[PDB]
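The structure appears below as structure tokens.
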There are 4 protein chains.
Amino acid sequence: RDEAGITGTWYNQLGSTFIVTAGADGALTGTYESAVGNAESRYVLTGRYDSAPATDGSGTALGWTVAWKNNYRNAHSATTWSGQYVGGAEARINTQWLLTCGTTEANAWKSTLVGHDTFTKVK
Amino acid sequence: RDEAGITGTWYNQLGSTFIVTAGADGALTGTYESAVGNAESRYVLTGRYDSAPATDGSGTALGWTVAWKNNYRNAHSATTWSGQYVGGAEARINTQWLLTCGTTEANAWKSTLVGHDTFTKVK
Amino acid sequence: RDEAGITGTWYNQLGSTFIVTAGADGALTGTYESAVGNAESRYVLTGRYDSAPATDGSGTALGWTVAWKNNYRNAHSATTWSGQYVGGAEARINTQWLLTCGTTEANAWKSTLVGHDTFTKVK
Amino acid sequence: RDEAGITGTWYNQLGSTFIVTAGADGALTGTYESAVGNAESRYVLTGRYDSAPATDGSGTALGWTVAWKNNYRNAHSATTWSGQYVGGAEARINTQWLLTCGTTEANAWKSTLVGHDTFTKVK
């Protein structure tokens with residue numbers, strides 16, 4: 001249990017801010033603020049993490065979702081991050097993500113972006 | 001608002017069962033039961049959806065996460081689905097997903113599977 | 001060796017046409033014509049396939065690339081398909097793909113689409 | 001045209017070596033040696049790149065495939081890298097990749113890994 005290790009404020013390589021609380025039972029709750037794209041201010045996030053990881057030096061699997069609707073903007077889109085927490089002096093969350101736009105059927109082939117974000121506790 | 005359209009039981013092409021409730025504010029909550037892999041019985045899911053989609057025939061963006069720990073098994077892994085709800089007589093949720101395993105650093109290159117699931121309200 | 005099984009004309013769910021020759025040594029060469037996007041007429045493709053697959057009922061791994069430049073248009077982008085050939089009366093090539101646009105550094109986060117195409121020998 | 005910029009030896013973060021020649025017409029040809037996985041020595045690669053990129057500071061889209069069969073080993077799998085070349089004093093190729101294994105139909109859900117590699121001209 002990395003409940004303590006995961007809870008807090010994280011920053012990615014784009015300068016986005018991910019604020020999360022890890023629950024004892026596996027829940028992730030918080031807010032996400034993107035430095036890029038059709039986004040302003042904070043958005044609700046929720047997700048899950050493995051609350052009883054392997055003790056063999058493996059990371060801790062987790063994921064979360066943001067739907068890009070808040071009181072300011074609606075980008076008609078959602079991102080999910082899937083990744084792992086790695087603890088220690090340079091803790092990180094290493095993720096891959098999928099961002100789906102709501103599209104017509106004709107445009108569904110071009111609905112989903114993929115990328116990768118690495119989160120740290122500094123900067 | 002597809003709060004009503006999205007809430008309920010869905011089935012994918014693998015025979016997995018996704019039971020979800022859509023909240024007015026954008027929340028998704030429920031359970032997931034995989035027909036395949038290192039899984040048994042139900043797992044908690046959470047996610048988000050666009051509660052005010054475009055009215056131009058576009059789908060409704062959404063996503064959710066399952067961490068593959070329950071009272072029965074722990075697969076030290078998490079899947080996120082990112083996709084869109086499309087309503088009407090043959091409603092569907094069309095997704096792409098990322099499944100991350102907790103791994104050592106040496107094995108992190110091989111940590112993440114990607115695939116695609118389509119959910120329907122029958123079968 | 002599925003040199004014979006793979007060589008020929010294939011069609012995907014979008015109505016795109018993939019014309020390929022499989023070489024004895026593993027090469028794939030041909031042309032691709034997309035039914036969608038910033039594309040017209042045929043584009044060169046090249047790729048590779050496993051020329052000595054497992055004999056246990058497994059599929060045949062393969063992949064190919066199209067850069068979306070031809071004499072007609074230049075979409076400053078490239079798609080790679082990664083997948084497997086499955087032979088028999090309803091032969092198919094089942095793929096996932098990544099389409100990268102050339103972007104500025106500022107826009108690199110939004111450079112890559114992901115999707116999935118299934119190719120058949122009819123329609 | 002980055003025919004000159006792209007041709008040569010590149011190294012990724014895993015310590016893999018990618019040796020490529022860029023043709024005037026868009027072709028990529030060469031060899032790949034993975035530092036990790038079920039691989040030994042060099043494998044043939046082929047791919048494509050945009051031979052007439054935008055002149056607005058954008059990168060150069062490209063992709064390539066390796067099928068993991070050579071005289072030494074056959075991993076019954078293929079990787080495709082999709083990405084962009086960015087030139088200048090710290091030139092890089094930034095990619096996302098999909099590695100498909102040949103699988104039975106029952107196991108096709110777990111056939112494809114996704115990841116990201118960054119290639120540089122040093123180390």
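Order determines the names: the first chain of the structure tokens is A, the second B, and so forth; residues in each chain are numbered 1 upward, and ligands are numbered 1 upward as they are shown.
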
Reference chain C, mobile chain D, all Cα atoms fitted, written as a tab-separated table (two decimals) with C-alpha atoms, in the first residue's frame:
chain	number	residue	atom	x	y	z
D	1	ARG	CA	4.13	-19.65	-44.67
D	2	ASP	CA	1.21	-17.68	-45.56
D	3	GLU	CA	3.02	-16.04	-48.51
D	4	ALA	CA	0.04	-17.11	-50.60
D	5	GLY	CA	-2.63	-16.40	-48.02
D	6	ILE	CA	-1.49	-12.82	-47.44
D	7	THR	CA	-0.75	-11.79	-51.07
D	8	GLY	CA	-3.64	-10.08	-52.78
D	9	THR	CA	-6.30	-7.43	-52.26
D	10	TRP	CA	-7.86	-6.73	-48.90
D	11	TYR	CA	-10.65	-4.42	-47.78
D	12	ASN	CA	-11.31	-2.88	-44.36
D	13	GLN	CA	-14.47	-1.77	-42.56
D	14	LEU	CA	-14.06	1.79	-43.82
D	15	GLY	CA	-13.95	0.62	-47.43
D	16	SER	CA	-10.20	1.15	-47.80
D	17	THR	CA	-8.20	-1.14	-50.21
D	18	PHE	CA	-4.86	-2.71	-49.26
D	19	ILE	CA	-3.02	-4.47	-52.13
D	20	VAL	CA	0.00	-6.44	-50.96
D	21	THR	CA	2.61	-8.91	-52.09
D	22	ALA	CA	4.28	-11.13	-49.41
D	23	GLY	CA	7.83	-12.15	-50.25
D	24	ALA	CA	9.41	-15.46	-49.25
D	25	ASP	CA	11.92	-13.69	-46.94
D	26	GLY	CA	9.27	-11.71	-44.94
D	27	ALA	CA	8.75	-8.59	-47.09
D	28	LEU	CA	5.47	-6.85	-47.64
D	29	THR	CA	5.14	-4.43	-50.59
D	30	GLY	CA	2.13	-2.83	-52.16
D	31	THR	CA	-0.31	0.05	-52.18
D	32	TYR	CA	-2.98	1.42	-49.90
D	33	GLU	CA	-6.01	3.51	-50.86
D	34	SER	CA	-7.91	5.08	-47.92
D	35	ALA	CA	-11.66	5.60	-48.14
D	36	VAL	CA	-11.34	8.38	-45.49
D	37	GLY	CA	-9.17	11.27	-44.48
D	38	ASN	CA	-6.72	13.51	-46.31
D	39	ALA	CA	-5.96	10.93	-49.01
D	40	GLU	CA	-6.56	10.30	-52.63
D	41	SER	CA	-5.62	7.41	-54.86
D	42	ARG	CA	-2.84	4.92	-54.00
D	43	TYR	CA	0.08	5.28	-51.60
D	44	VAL	CA	3.16	3.12	-51.32
D	45	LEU	CA	3.33	0.71	-48.45
D	46	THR	CA	6.07	-1.53	-47.07
D	47	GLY	CA	6.22	-3.86	-44.18
D	48	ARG	CA	7.20	-7.25	-42.75
D	49	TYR	CA	5.55	-10.50	-41.71
D	50	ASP	CA	6.59	-13.66	-39.90
D	51	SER	CA	7.40	-16.05	-42.76
D	52	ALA	CA	7.58	-19.10	-40.43
D	53	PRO	CA	4.62	-18.79	-37.99
D	54	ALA	CA	3.77	-21.18	-35.19
D	55	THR	CA	1.86	-24.24	-36.28
D	56	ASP	CA	-0.36	-24.33	-33.23
D	57	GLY	CA	-3.33	-22.38	-34.65
D	58	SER	CA	-1.81	-19.02	-33.89
D	59	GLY	CA	-2.03	-16.18	-36.33
D	60	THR	CA	0.80	-14.69	-38.36
D	61	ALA	CA	2.25	-11.43	-37.01
D	62	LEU	CA	2.81	-8.60	-39.47
D	63	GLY	CA	2.94	-4.86	-39.90
D	64	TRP	CA	3.19	-2.17	-42.51
D	65	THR	CA	3.59	1.61	-42.96
D	66	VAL	CA	2.07	4.19	-45.28
D	67	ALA	CA	3.44	7.75	-45.41
D	68	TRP	CA	0.52	9.85	-46.74
D	69	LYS	CA	2.49	11.50	-49.59
D	70	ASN	CA	1.83	10.62	-53.21
D	71	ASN	CA	1.68	12.66	-56.49
D	72	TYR	CA	-1.69	14.06	-55.51
D	73	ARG	CA	-1.52	15.05	-51.85
D	74	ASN	CA	0.73	15.26	-48.83
D	75	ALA	CA	-0.99	14.85	-45.49
D	76	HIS	CA	2.35	15.11	-43.54
D	77	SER	CA	1.53	11.98	-41.63
D	78	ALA	CA	2.23	8.25	-41.51
D	79	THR	CA	0.15	5.25	-40.34
D	80	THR	CA	1.52	1.97	-39.11
D	81	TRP	CA	-0.66	-1.11	-38.81
D	82	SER	CA	0.42	-3.87	-36.44
D	83	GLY	CA	-1.57	-7.07	-36.41
D	84	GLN	CA	-2.01	-10.66	-37.37
D	85	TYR	CA	-3.18	-12.66	-40.37
D	86	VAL	CA	-5.66	-15.43	-39.55
D	87	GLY	CA	-6.21	-17.87	-42.49
D	88	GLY	CA	-9.17	-20.20	-43.38
D	89	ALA	CA	-12.50	-19.71	-45.06
D	90	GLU	CA	-13.03	-16.32	-43.61
D	91	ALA	CA	-9.47	-15.06	-43.70
D	92	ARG	CA	-8.76	-11.81	-41.95
D	93	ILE	CA	-6.03	-9.42	-41.05
D	94	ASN	CA	-6.81	-7.94	-37.59
D	95	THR	CA	-4.90	-4.76	-36.84
D	96	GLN	CA	-4.37	-1.87	-34.52
D	97	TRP	CA	-2.84	1.28	-35.98
D	98	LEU	CA	-1.04	4.46	-35.05
D	99	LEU	CA	-1.27	7.57	-37.27
D	100	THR	CA	1.35	10.22	-36.45
D	101	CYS	CA	1.16	13.74	-37.84
D	102	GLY	CA	4.23	15.92	-38.24
D	103	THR	CA	3.67	18.62	-35.60
D	104	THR	CA	5.48	21.44	-33.85
D	105	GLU	CA	6.96	20.49	-30.42
D	106	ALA	CA	4.14	22.45	-28.76
D	107	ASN	CA	1.58	20.28	-30.47
D	108	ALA	CA	3.36	16.91	-30.17
D	109	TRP	CA	1.02	15.80	-27.39
D	110	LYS	CA	-1.80	15.71	-29.93
D	111	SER	CA	0.22	14.17	-32.78
D	112	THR	CA	-0.94	10.55	-32.74
D	113	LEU	CA	-4.30	8.85	-33.43
D	114	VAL	CA	-4.90	5.19	-32.58
D	115	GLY	CA	-7.51	2.88	-34.01
D	116	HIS	CA	-8.25	-0.61	-35.26
D	117	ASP	CA	-8.95	-2.00	-38.73
D	118	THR	CA	-10.11	-5.43	-39.78
D	119	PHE	CA	-9.33	-6.54	-43.35
D	120	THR	CA	-11.13	-9.17	-45.32
D	121	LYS	CA	-10.79	-10.60	-48.80
D	122	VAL	CA	-14.46	-9.63	-49.76
D	123	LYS	CA	-16.21	-6.16	-49.82

**OP:** From a DSSP pass on the backbone, collect the residues of range 7-73 of chain B flagged as strand (DSSP E or B) and hand them back as a VMD selection string.
**Re:** chain B and resid 8 to 12 17 to 22 27 to 33 43 to 49 60 to 69

Subject >> Residue list (helix (DSSP H, G or I), DSSP) for chain A, as number ranges by chain >> reply: A: 3-6, 108-110

Write a file of the selected residues as a PDB file, in the first residue's frame, keeping C-alpha atoms.
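This is the output file selection_27.pdb:
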ATOM      1  CA  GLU A   3      -1.988   5.000  -0.236  1.00  0.00           C
ATOM      2  CA  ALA A   4       0.464   7.540   1.167  1.00  0.00           C
ATOM      3  CA  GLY A   5       2.897   7.491  -1.735  1.00  0.00           C
ATOM      4  CA  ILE A   6       0.217   8.187  -4.337  1.00  0.00           C
ATOM      5  CA  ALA A 108     -15.159   7.747 -35.469  1.00  0.00           C
ATOM      6  CA  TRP A 109     -11.981   6.511 -37.142  1.00  0.00           C
ATOM      7  CA  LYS A 110     -10.291   9.744 -36.085  1.00  0.00           C
TER       8      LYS A 110
END
